[PDB]
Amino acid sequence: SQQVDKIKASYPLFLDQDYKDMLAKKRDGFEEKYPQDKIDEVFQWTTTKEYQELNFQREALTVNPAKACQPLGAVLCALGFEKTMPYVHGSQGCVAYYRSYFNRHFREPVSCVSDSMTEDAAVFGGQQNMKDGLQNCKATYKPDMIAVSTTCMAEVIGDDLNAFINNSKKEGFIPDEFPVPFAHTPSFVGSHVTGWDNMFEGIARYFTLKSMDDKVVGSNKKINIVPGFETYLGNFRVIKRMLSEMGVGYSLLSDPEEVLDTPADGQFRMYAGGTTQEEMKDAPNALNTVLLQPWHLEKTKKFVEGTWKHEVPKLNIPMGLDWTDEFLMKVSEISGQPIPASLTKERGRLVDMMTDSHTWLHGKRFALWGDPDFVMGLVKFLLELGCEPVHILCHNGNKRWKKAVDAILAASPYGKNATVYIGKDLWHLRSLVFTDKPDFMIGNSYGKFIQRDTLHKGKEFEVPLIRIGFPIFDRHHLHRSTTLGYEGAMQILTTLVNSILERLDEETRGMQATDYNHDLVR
């Protein structure tokens, strides 16, 4: 039933007694459900050290992964170039998912095409798909460039992207001069971040490999910036803002901030902003190239050093205090610009906030996950705040990376109780937050189901989620946030201390029970 002036959605509609009785009759009559006492017994078992040991012995099964597949990152990389259409050679179901995935995170349109290879092409290849796809794409959506990657069907059957594109030009389907960079992006290798590296290296090669002879390192006095797989608008903006403040000439290679944030002014803009073709062509003339997320830009680095002859600085992701300091100092050395008073002051305001909030942050225990560069930066900053990152999970991390994080932990007293996990998933993490309970989780939206599980054991066992990472689907507009630089550290600091204080207010809100500690001032 409904009352017209107070209409109920599914919650709380289905709590009405007639729906409750209906659902009980459905269960008892036809679901043949395990009895509740057995459900309770198994749930408790899933929270034990015994279950955890079986859980970590898994070899073939993955449950609730914390990674996606390569083409997702090739699409995001391609979106960062001016009037560029991402184009995934293979089966169309993939592109629907890529677009919807980013749609839900950014709450924006996401343009991407497929060439719809089917059972036919699985045998004789997708050459005809490429010819008609490119011609169709260019005519219909008028990109200035089409950046081509592959779905796993195209990788398995072995389509030769280079040949197919050259034959499309040879046979007149697209102009010889029309730019069609490409990269192979097999989903069964690496993860989404690997696709970003592969796509970017492909675009860099397309515009510079055969034109190197007139290039001179440093002749344009700029510094190239490669951001990597990045899903916070604020992170593109803070980098451009800090370099502009320093007076540093720079080129941000793959810059999607505009196309991921177009205004609602009465017209749809399929393309907006982005790195220009001339910027890619001219990049070898830069003084150097800085990789903001080096642990998934290894292929790009080889090409930048091997072909452009740049000496890429050894720099961690600029997250937290020390690593932003190191970023700015290195940029200052390369460019000859001094760090200006404005950035020095911003640094000191971050430190001020640390002194103001250290008493509530000290000793707080965290479980966290994400991509490797983001995770290690979050770890570094947590140590700088006097927090303990006890469970560090990076599904798509590698041994060399885990060694580097383990060395960061060893250099601080706040790493004494921390462990780094690679190749583990969020069902592994669920066990850890039960057996070795932290105070909070820092992670993406998939963590909300872990918080749900911990609460079911008991309010005192609940581990609240703090949403930082990708994807965030169940809150609005956090993709506008910042995690890099002093600005990003300030945002993270605020989110953490206030998540702590929010939870303490909840636990002390009980009248005449716990509200003796419900302080007005904290």
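Residue positions are given as counts along the sequence shown, with the first one as 1.
Look up the CA B-factors in the entry and say which stretch, 132-140 or 353-361, has the higher mean. Taking the mean B-factor of the alpha carbons in each, 132-140 is higher.
Mean temperature factor over C-alpha atoms, higher-scoring stretch between 83-91 and 159-167: Higher mean C-alpha B-factor: 159-167.
Looking at the C-alpha B-factor values in the deposited entry, which of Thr324, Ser335, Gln451, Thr151 comes out highest? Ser335 has the highest C-alpha B-factor of those listed.
Among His192, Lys210, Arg107, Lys380, which residue carries the highest C-alpha B-factor recorded in the PDB entry? When the deposited C-alpha B-factors of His192, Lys210, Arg107, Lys380 are compared, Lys210 is largest.
Is the Cα B-factor recorded for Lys281 in the lowest, middle or highest third of its chain? Highest third - that is where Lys281 ends up once the chain's C-alpha B-factors are sorted.
Lowest, middle or highest third - CA B-factor, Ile492: Lowest third, going by the recorded CA B-factors of the chain.
Using the B-factor values recorded in the entry, state whether the Cα atom of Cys112 falls in the lowest, middle or highest third among the modelled residues of its chain. Ranked within chain, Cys112 CA B lands in the lowest tercile.
Going by the recorded CA B-factors, say which third of the chain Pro186 sits in, lowest, middle or highest. It falls in the middle third of the chain.
Ranking every modelled residue in this chain by its Cα temperature factor as given in the entry, which third contains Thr118? Its C-alpha B-factor, which the entry lists for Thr118, ranks in the highest third among residues of this chain.
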